[PDB]
């Protein structure tokens, strides 16, 4: 297991990164500092997480400390849905750059294919509680992303939560200048994603797996929901290999040629989670983990199920 995967922009991306969704602002600076100290070189961020300033304090401090060089870090952020308009993309990217203490991002993603009405509210509502769409489509937002590459603000651009028909729409865009480098999607043993992965990889698009542990701290968790970290079938594979269940859940996507971004703010788990380059799951282990699929999503964007570009009506 090599630590980096080659993207279709010619740059290399670390296959393990640290997630930051739900990381409290008073904990995430120390989480990112610890992560860099114990070997992480990739941090997954987003403006909608409301903690980029605090992530940036950690990055800046480790660059100033000369723990790492900027060229050795791979920092990812995402354009939120209320900024899909031509005239707002650059300022959204630049706010993220300012917050993160950076002069460029390694990768900038369209967070979801759905554009929303611009304004202060991240989920603007009509009176009856529906999210209010933007009329701007994925293709014009993609052209705005391409301009960020050509202005030096981002090294790579990509997409997130795009279904295969939406990836195809990008790839078939008239006058396409840069292909997406990455599609970041939910992926774990309960949502194994073979078709969408198979499609993206066949096109040279690297897939990043989010919520690889099943997001036990997701805000809408219900007790009756399945639990990867407690699944005795997965705990058995981990015991066989003398690893934790989380380490198996992180190694799994790595052996599918995916990038994976487990989140923690607990120092011991941050270190735990990185110690996944010294063991191999067998093919039988991999097939067995894949067999647990049940099409279960942490992130189903339920307020947006009538948006024209809602991604999860399509089989994949």
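Numbering follows the first chain given and starts at 1. We call the rigid core the largest set of C-alpha positions that still match within 1.5 Å between the two forms.
**Q** Which of the two stretches, 222 to 230 or 112 to 120, moves more in 4 other deposited structures of this protein when the core is held fixed, judged by C-alpha RMS distance?
**A** If we average over structures and residues in 4 other deposited structures of this protein, the farther stretch is 222 to 230.
**Q** So which moves more in 4 other deposited structures of this protein by CA, 172 to 180 or 127 to 135, given a superposition on the core?
**A** The answer is 127 to 135, which departs more from the shown form in 4 other deposited structures of this protein.
**Q** Looking only at CA atoms, which has the higher mean B factor in the entry: 27 to 35 or 278 to 286?
**A** So the stretch with the higher mean C-alpha B-factor is 278 to 286.
**Q** What stretch has the higher average Cα B-factor here, 180 to 188 or 216 to 224?
**A** On average, C-alpha B-factors are higher across 216 to 224.
**Q** Comparing recorded Cα B-factors across 235, 78, 155, 95, which one is largest?
**A** Result of the comparison over 235, 78, 155, 95: 235.
**Q** Between 211, 134, 208, 201, let me know which has the highest C-alpha B-factor in the entry?
**A** Within the set 211, 134, 208, 201, 201 shows the top C-alpha B-factor.
**Q** For residue 296, return the chain-relative third of its C-alpha B-factor as stated in the PDB record: lowest, middle or highest.
**A** Within its chain, residue 296 is a highest-third residue by C-alpha B-factor, going by the deposited values.
**Q** Sorting the chain's modelled residues by C-alpha B-factor, tell me whether residue 145 ends up in the lowest, middle or highest third.
**A** For residue 145, the deposited C-alpha B-factor lands in the lowest third.
**Q** Can you tell me whether residue 12 has a C-alpha B-factor in the lowest, middle or highest third compared with the other modelled residues of the same chain?
**A** Middle third of the chain for residue 12's C-alpha B-factor.
**Q** For residue 69, return the chain-relative third of its C-alpha B-factor as stated in the PDB record: lowest, middle or highest.
**A** Its C-alpha B-factor belongs to the highest third of this chain's values.
**Q** When the modelled residues of the chain are sorted by Cα temperature factor, does residue 118 land in the lowest, middle or highest third?
**A** It belongs to the lowest third of the chain when residues are ordered by C-alpha B-factor.
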